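The numbers here are math on the coordinates, done by the rules we state, and not lab data. Cβ placement follows ideal geometry from the backbone for every residue including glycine, while neighbour counts extend to all protein chains displayed.
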Amino acid sequence: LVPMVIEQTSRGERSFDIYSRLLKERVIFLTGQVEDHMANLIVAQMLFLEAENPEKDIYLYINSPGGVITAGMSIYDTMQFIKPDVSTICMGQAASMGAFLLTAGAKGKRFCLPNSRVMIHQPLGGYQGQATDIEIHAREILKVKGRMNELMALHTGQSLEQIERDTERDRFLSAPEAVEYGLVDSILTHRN
Amino acid sequence: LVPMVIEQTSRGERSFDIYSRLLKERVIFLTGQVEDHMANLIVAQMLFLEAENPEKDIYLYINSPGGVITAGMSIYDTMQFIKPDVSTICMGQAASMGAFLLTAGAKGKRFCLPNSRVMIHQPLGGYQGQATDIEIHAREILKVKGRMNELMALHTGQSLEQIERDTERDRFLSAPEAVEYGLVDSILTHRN
Amino acid sequence: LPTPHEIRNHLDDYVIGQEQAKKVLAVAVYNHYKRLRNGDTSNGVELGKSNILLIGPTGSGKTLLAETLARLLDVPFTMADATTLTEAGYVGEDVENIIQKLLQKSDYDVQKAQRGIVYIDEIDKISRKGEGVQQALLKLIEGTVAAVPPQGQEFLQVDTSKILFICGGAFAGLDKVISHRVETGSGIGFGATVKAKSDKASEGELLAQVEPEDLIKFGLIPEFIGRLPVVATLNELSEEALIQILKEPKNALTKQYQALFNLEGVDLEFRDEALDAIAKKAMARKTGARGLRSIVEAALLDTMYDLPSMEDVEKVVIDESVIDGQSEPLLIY
Amino acid sequence: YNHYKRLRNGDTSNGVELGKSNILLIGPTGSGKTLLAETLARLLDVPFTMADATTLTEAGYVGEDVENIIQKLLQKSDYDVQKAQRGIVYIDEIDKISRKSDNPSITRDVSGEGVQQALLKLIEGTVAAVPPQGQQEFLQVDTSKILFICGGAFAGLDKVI
Amino acid sequence: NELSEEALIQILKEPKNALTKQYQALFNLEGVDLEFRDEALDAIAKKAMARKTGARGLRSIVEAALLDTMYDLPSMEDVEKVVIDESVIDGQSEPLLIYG
Amino acid sequence: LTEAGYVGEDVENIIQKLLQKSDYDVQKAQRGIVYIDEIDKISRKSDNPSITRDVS
Amino acid sequence: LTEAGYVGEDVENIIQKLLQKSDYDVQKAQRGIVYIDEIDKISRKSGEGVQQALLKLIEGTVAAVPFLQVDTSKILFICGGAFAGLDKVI
Ligand SMILES: Nc1ncnc2c1ncn2[C@@H]1O[C@H](COP(=O)(O)OP(=O)(O)O)[C@@H](O)[C@H]1O
Ligand SMILES: Nc1ncnc2c1ncn2[C@@H]1O[C@H](COP(=O)(O)OP(=O)(O)O)[C@@H](O)[C@H]1O
Ligand SMILES: [Mg+2]
């Protein structure tokens, strides 16, 4: 159950949901497994915010253990497509897909809480069938792995070889480590 | 279901649900297992209350048997980040994750009911796979355990070594015992 | 007539701060009265009025600022409230009641009434979802021929096309509306700017940048905004501002008590430290400048209640503890 | 121009009564509806007055009455009924008396539909009882030859059209 | 019909009681002659249209742009003309005071 | 027209006008004709609750 | 007293009656106190207009009869009342 909130305005009274109220402030929540349905909801919110005001930054809170790659890329492209800067904040954890979106935010607007886990790993997939079909899917997953590594290097600033070596297996990075690795820009520990 | 209540104000009569009604008074309920979905809900409420009044303390009622560490850490980081002090009250019980958040409240504003039970234990996890990847996860859980103990010692005030000894196995603390251990500041028995 | 500088000088004597607002009223009044006196205009042009609009929080000196202009001149002055006014055909009163109080104050003199000024408070709180009152008040502005009974039987009617309308009110939330327009729309979130320091310049600065679109969002009808071309912004009295109000203004609170004390050959030394505490108390209870009098009155009542009881009194010294109430100002002999 | 001809032909030197035609100035808010009325009074040789529809209300209520409009006209005509029976009137904010989405008429719209009902006989022409000055005499003024102009914004009428 | 930028420009000078003419007479009382450039009026209409204030907005725009100009003239003599430029409306520039 | 005891016009005003046409002759006014236009407007608001007296 | 313009009661009788007890002396008259009881009963929340009617004579007024038009700048207008409902307002 989502609690309801009231926004007092000179024009009059109004009611909003906990998430709907924060949406008006250009805040989007990315929680749970990444999938097409939840991804579309995030994409729709980004498009709506851009139409309302394309000159204001959009804040996206990432807390998920990852998920489908196609669904995640649907959000990554939307962030770059829309001119407003999409600020990413990591809360709790940021897995492969979550970490990819966390580092996809505008430079200087990628934040992470002091106690947060970030994991990056190569894409996971699988296919069963004829040998010919295996090669088709095997080559496609490999291309996705290479494409994601290139994007990770561009945002993080690390070399292609370094990203491949570190992404070969699961790599857990704490908030301070994410700063040096380039996944995030700063750590928000207290409000000044 | 959730009962609905009426609130009298200058504008007029407004209908609120039991949980939404208490949210106006800066009261947040943390019930059930701690997960990403419910964790984000609490984070949204905390941020909403901060904007409404960043000078009034926030009350968080904790009654849960534990949950995901990452989900709980999102709430802990939010509590420490927001300027308003967060008052934690233990109702019924407070497991490892619940106890950690219970002791994470502002020093002097942590309370516990007379018959509440607090239990603290080391992190629990698991992984199935190769020996190289399991070592990564096996090494990450230890880091979380160490980081968790450091935070527990800082809030409770006891030495880090003592926390490790008591956290090795499940340890149940009553309302009075929690006061001596430092997990709570006082016990609420009657309204004065 | 006196130049805007002269008016501003008089305002500074009885007002501390709000330099931008004082400039608007100094020029506004100068032009309004200049147009009235020069009705001919040296040509066939019919000079139009420029209504004034004041925006500021409670206890910002709006009433005092307007009173200074009326007191400086020899014309009548009247005040009113928007919450009392309602639509036609309802239990509430109508806008015509405002003119009713203007004639009585002006002694039923059309000439003296036209040169007079009228002020309105709490202009807000009657925005959209209410709108009817604005429409009723929209007629008074831009010119009317409202009639009022005399000797309160020709029903002398005064034209409202030569009377200055000064609308003031405390807009709550307007800062947020302007913030989004003039800053990032962050609101709630880790990357937002929460007003937790109680900044006294943020509101004043933001309000100074207010624009018609901001008023539209607030609920103000665009037509009503058009009737008020001149707009002025007033900042909230900060801690340092309150300290000056006790001594800088001509008829300051301290001066009034000092004059009463020295009348009997008794000096009244207001410790600079005690003044800050007096101002701090006002902010604690959010009583504004109005509360200042009550704060000092209580602290001086006991002191002035015993001062005449004994003779040879030479001087009094108010201190920090006196304001708190745990001590009495030592008397000199 | 037509009004002057009717006034000059007030003696009905023909086989007709030369009925009048009222105007309804429907213009977007801020287009100068009120300006066209004020400017018209600078060259008018007959009494002219302005009024607001928001203040008008049905008879028997605290609000203003429709007959008060003629009262203002008498002042401009030096309280002359002969001159007041051939003047002009410009009603303003006529779009505010429109029914507020209450066609079923759950309650009598004294400030809305009620004002229109009282004005029906005024525009067409009816001997109204205006106060002597402003009830003992109730001066009778005929509004059969008085032109009534109505100006309003009609916000939202574009959607209907 | 709704007023457009072109209509606002004409209404600023064409009417006998236009806003520009009213201010000119106001300055004539002090002795200085006020002039409004064609480009200045053009920018005024654009600002009013953007704010949706219409004709009524013209008076507010000019008041703010000329507030400081007339705040010194009553007590600041030796001036003969005050030219208004488009930049003056935006606030970047200031009135081009002339002495003679 | 409005109910007696209110600011609105009273029903008796109709006879007053009739007298003026008859030179205030009661005998003449007692045999004249009267027309009441807009009679449908005074129709009671059936839907409206019977709480506030419909003087109009 | 009634509201300004009303003919039921005279609102200026307070300044007039004061001189009667002061042997019609300006110095004596402008030296005492004038207690106006039950001021809250007429206070708003027609009643509001009464306050303004009394303000006509509270300050800047010259009205007296031997018409003497004696000033009231010294008269102490101590208005008293119970203010029924002020406790809940506060
Ligand atoms: N700068 C100032 N100096 C002295 N008194 C002030 C000042 N500002 C406000 N006041 C006090 O406040 C009162 C008027 O407040 P008002 O203008 O009505 O506030 P607002 O208009 O914000 O409600 C006066 O009685 C006056 O003594
Ligand atoms: N077509 C126009 N020509 C000249 N001035 C206009 C015009 N339309 C509006 N105005 C200006 O608007 C002001 C009056 O507006 P008003 O006529 O009350 O608006 P509305 O027609 O919506 O009632 C005048 O000062 C006038 O200069
Ligand atoms: Mg109009």
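Distances over 50 Å make up what percent of all Cα-Cα pairs in the protein assembly as shown?
Value for the protein assembly as shown (Cα pairs over 50 Å): 46 percent.
Across the range B:10-15, computed HN-Hα scalar couplings (Karplus, 6.51 cos²θ - 1.76 cosθ + 1.60, θ = phi - 60°) run 4, 4, x, 9, 10, 8 Hz from first to last residue, x flagging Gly and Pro. Taking each residue as 0.36 nm, the span from A:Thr70 to A:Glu35 lengthens on full extension beyond its C-alpha to C-alpha distance by 11.8 nm. Per-residue shielding of C:230-242, expressed as the average number of other chain Cβ atoms within 10 Å of the residue Cβ, stands at 1.
For E:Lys46 and C:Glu328, the FRET efficiency from 1/(1 + (r/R0)^6), where r spans their Cβ atoms and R0 equals 60 Å, is about 0.35.
Take the Cα of C:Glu273, go 7 Å toward its beta carbon, and the backbone nitrogen atoms of the range C:312-330 under 20 Å from that spot belong to C:315-330. Listed by chain and number, the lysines whose C-alpha is less than 17 Å from the C-alpha of F:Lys28, apart from same-chain residues fewer than 8 away, are F:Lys17. With 32 Å as the limit, the listed pairs C:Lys176/C:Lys255; B:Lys56/G:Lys41; D:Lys5/D:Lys72; C:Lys139/E:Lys47 have C:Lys176/C:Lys255; B:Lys56/G:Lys41 beyond it between alpha carbons. Taking the axis that rotates chain A onto chain B, the chain A residue nearest to it by Cβ, with the distance rounded to whole Å, is A:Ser15, 11. Between D:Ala129 and A:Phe16, the C-beta separation translates, for a Förster distance of 51 Å, into a calculated FRET efficiency of about 0.35. In whole angstrom, the range E:2-100 maps to an equivalent ellipsoid with semi-axes of 24, 14, 11, each derived as √(5λ) from the alpha carbon gyration tensor and ordered largest first.
For a straight C-alpha distance cut-off of 14 angstrom, the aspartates and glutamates reachable from C:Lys200 (same-chain residues fewer than eight places away being disregarded) are C:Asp175, C:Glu236, C:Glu239, C:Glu240.
Rounded to the nearest 0.05, what FRET efficiency do F:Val55 and F:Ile15 have when you use their Cβ-Cβ distance and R0 = 22 Å?
It comes to 0.65.
Projecting label points 7 angstrom from Cα along Cα→Cβ for F:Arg44 and D:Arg8 puts them 5.6 nm apart. Across the identical copies, the 7 Å label point of B:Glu35, projected outward along Cα→Cβ, sits 1.2 nm from its counterparts, in ascending order. A cut-off of 5 Å between modelled amide H atoms, ignoring neighbours fewer than 5 places along the same chain, links G:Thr61 with G:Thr72.
Averaged over the residues of peptide A:17-24, the number of Cβ atoms from other protein chains lying within 10 Å of each residue's Cβ is 4. Span-like helix check, chain E: qualifying full DSSP H segments, with Cα axial length of 24 Å or more and mean Kyte-Doolittle of -0.5 or more, are E:55-72.
From other protein chains only, count the Cβ atoms within 10 Å of every residue's Cβ in D:104-116, then give the mean.
3
For B:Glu161, the distances from its label point to the matching points in the remaining copies are 4.7 nm, ordered from shortest, with each point set 7 Å beyond Cα toward Cβ.
By the Cβ rule of 4.7 Å, the protein assembly as shown holds the following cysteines without a possible disulfide partner: C:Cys167, D:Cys150, G:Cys79. For B:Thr189, the point set 7 Å out from Cα toward Cβ sits 4.0 nm from its twins in the other copies, listed from shortest up.
Using DSSP, restrict attention to beta bridges with both residues in the range A:4-187 and report what percent are antiparallel, rounded to the nearest 5. Beta bridges within the range A:4-187, antiparallel portion: roughly 30 percent. A simple rule links phi to the HN-Hα coupling: the Karplus curve 6.51 cos²θ - 1.76 cosθ + 1.60 with θ = phi - 60°, which for the range D:114-128 gives x, 5, 4, 4, 5, 7, 3, 6, 6, 5, 4, x, 6, 6, 8 Hz, with x for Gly and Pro. Think of the range C:75-190 as a dipole: +1 on every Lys or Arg Cβ, -1 on every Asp or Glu Cβ, centred on the Cα centre; then among C:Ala136, C:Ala170, C:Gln153, C:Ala170 lies furthest on the positive end. About its Cα centre, the dipole of chain D is roughly 480 debye, where the only charges are +1 on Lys and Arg Cβ and -1 on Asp and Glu Cβ. Amide H to amide H distances under 5 Å link D:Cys150 with D:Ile23, D:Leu24, D:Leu25, D:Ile91, where only residues 5 or more positions off or on other chains count and H is placed in the peptide plane.
Rounded to the nearest whole Hz, the Karplus-based 3J(HN,Hα) values (6.51 cos²θ - 1.76 cosθ + 1.60, θ = phi - 60°) of the range D:87-103 follow the sequence x, 10, 9, 10, 6, 10, 6, 5, 6, 7, 7, 4, 3, 8, 6, 10, 3, with x at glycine and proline.
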